[PDB]
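Take a look at the structure set out below.
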Amino acid sequence: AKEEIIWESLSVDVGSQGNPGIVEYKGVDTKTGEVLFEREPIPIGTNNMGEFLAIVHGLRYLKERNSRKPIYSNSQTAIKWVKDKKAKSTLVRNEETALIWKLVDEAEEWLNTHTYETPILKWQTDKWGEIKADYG
Amino acid sequence: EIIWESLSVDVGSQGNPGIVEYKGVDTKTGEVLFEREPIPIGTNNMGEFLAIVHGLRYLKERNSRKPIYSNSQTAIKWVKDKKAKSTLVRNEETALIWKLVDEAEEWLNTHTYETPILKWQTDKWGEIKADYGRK
RNA sequence: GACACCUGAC
DNA sequence: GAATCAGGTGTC
Ligand SMILES: [Mg+2]
Ligand SMILES: [Mg+2]
Ligand SMILES: [Mg+2]
Ligand SMILES: [Mg+2]
């Protein structure tokens, strides 16, 4: 009943214009709201692809810094894709969506070839309100 | 890109739901062509819908081929469907707006028209010409 | 149903 | 900053 935000964490989120549409994501320090990583907007992608990329990017980021901090996401889909090490997107694969699909292929490749200690936690929106990395 | 020889429509309110009004203007001159008397209770989208259909009736009487602009994605769809899917309760308090919506639907189901109904591109062009300002 | 991401409108 | 009215897609 008293699950509480772990402040010493990284929170990730996606923002879009359309879905599918222009996608971006960022990772923030949950405690300060400081931006730790982001990607330049991607012309075409889906919310779920974005959420997935943001978690994997977070894994690589924390791994390189030898960090024990957990990552929070609000995306049940992206969390499942990361644990499965496979994104199951329906987005068409063509010249238009080549960038996002390249990134998703790369993220899967990394997952399938590395280990990591980072706990990946569901952000409890119903208990805590909106995630801290939210675009709004 | 803007079709200046057009009629623009928009809605005003106090509350949503609340008191609603709408009007139509010549998109080029700003002249007000019609203005609805404030209706005591209605929704924004009921108003946006009524404004469009009022514009359609106005142009039909004139056999005019000019387009109508609205900024309401919802209302544009409702007029194309001939059905205003409002969530507002229907009772004695909301009788006037629902009589108006019911009659607008009936008009759409009993007339032909060729008027193009266009989305006003608020992002590119700024606020629609029929806008009710700030209070 | 659920978890998300949007679009247009005192 | 807050609220309400409406119509969408991506996924489990
Ligand atoms: Mg999110
Ligand atoms: Mg968000
Ligand atoms: Mg309007
Ligand atoms: Mg307006």
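All values below were derived from every heavy atom in this structure, side-chain atoms included, with hydrogens, water molecules and symmetry-related copies excluded. Below, chains carry the letters A, B, ... as their sequence lines are ordered, and counting in each starts from 1.
- Remark: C1' of D:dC12 and NZ of A:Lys86 are 17 Å apart, rounded to the nearest angstrom.
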Trace of the ring pair (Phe, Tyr, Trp, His ring centres under 6.0 Å) decision for B:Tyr69 with B:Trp4: CA-CA 10 Å; B:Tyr69 280 110; B:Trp4 292 98; 8.6 Å; no
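- Within the 4.5 Å cutoff, side-chain heavy atoms of B:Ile76 are placed close to those of B:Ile52.
- Under the 4.5 Å side-chain criterion, counting only non-hydrogen atoms from C-beta, A:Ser89 is in contact with A:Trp81.
- In this structure, B:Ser70 does not reach the C:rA9 phosphate: none of its side-chain N or O atoms is under 4.0 Å from OP1 or OP2.
- With rounding to whole Å, A:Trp123 atom CH2 is found 15 Å from C:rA4 atom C1'.
- Rounded to whole angstrom, the span from the CG atom of A:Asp134 across to the P atom of C:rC3 amounts to 16 Å.
- Put simply, the side chain of A:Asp13 reaches to within 4.5 Å of the side chain of A:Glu51, judged on heavy atoms.
- The closest side-chain donor-acceptor pair between B:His54 and B:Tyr22, if any, does not fall under 3.5 angstrom.
- Each of A:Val14, A:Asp134, A:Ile131 was scored for a side chain to side chain contact (heavy atoms under 4.5 Å, CB included) with A:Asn74, with one residue passing: A:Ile131.
- In this structure, the separation between OG on A:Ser16 and CD1 on A:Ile42 is 11.5 Å, given to the nearest 0.5 Å.
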Structure string for DNA chain D in dot-bracket form, Watson-Crick and G-U at under 3.5 Å, | interchain: |..|||||||||
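- Between the side chain of A:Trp123 and the backbone N or O of A:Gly129, at least one donor-acceptor pair lies under 3.5 Å.
- As judged by a 4.0 angstrom heavy-atom cut-off over every strand, A:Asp13 is placed among residues touching the sugar-phosphate backbone only.
- Backbone-only contact: A:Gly15 has heavy atoms under 4.0 Å from sugar-phosphate atoms and none from a base.
- Here C:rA4 presents its P atom at 19 Å from CG of A:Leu53, a figure rounded to the nearest Å.
- Within residues 101-108 of chain A, no residue has any heavy atom under 4.0 Å from RNA chain C.
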Where protein sits on nucleotides 4-10 of chain D, one letter per nucleotide: B base, S sugar-phosphate only, - none, heavy atoms under 4.0 Å: BBBSSBB
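- Protein atom CZ of A:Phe52 is 18 Å distant from nucleotide atom P of C:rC5, rounded to whole Å.
- Of all heavy-atom pairs between A:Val12 and A:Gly27, the closest is CG1-CA, 4.1 Å.
- When atom types are taken as modelled, the side chain of B:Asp26 and the backbone of B:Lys28 share a donor-acceptor pair closer than 3.5 angstrom.
- Checking side-chain atoms of B:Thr27 against main-chain N and O of B:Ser6 turns up a donor-acceptor pair under 3.5 Å.
- The distance between atom NZ of B:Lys80 and atom P of C:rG8, rounded to the nearest whole Å, is 17 Å.
- Taking atom CD of A:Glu51 as the reference point, atom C1' of C:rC6 lies 12 Å away to the nearest angstrom.
- When rounded to the nearest whole Å, the span between CG of B:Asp131 and P of C:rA9 equals 11 Å.
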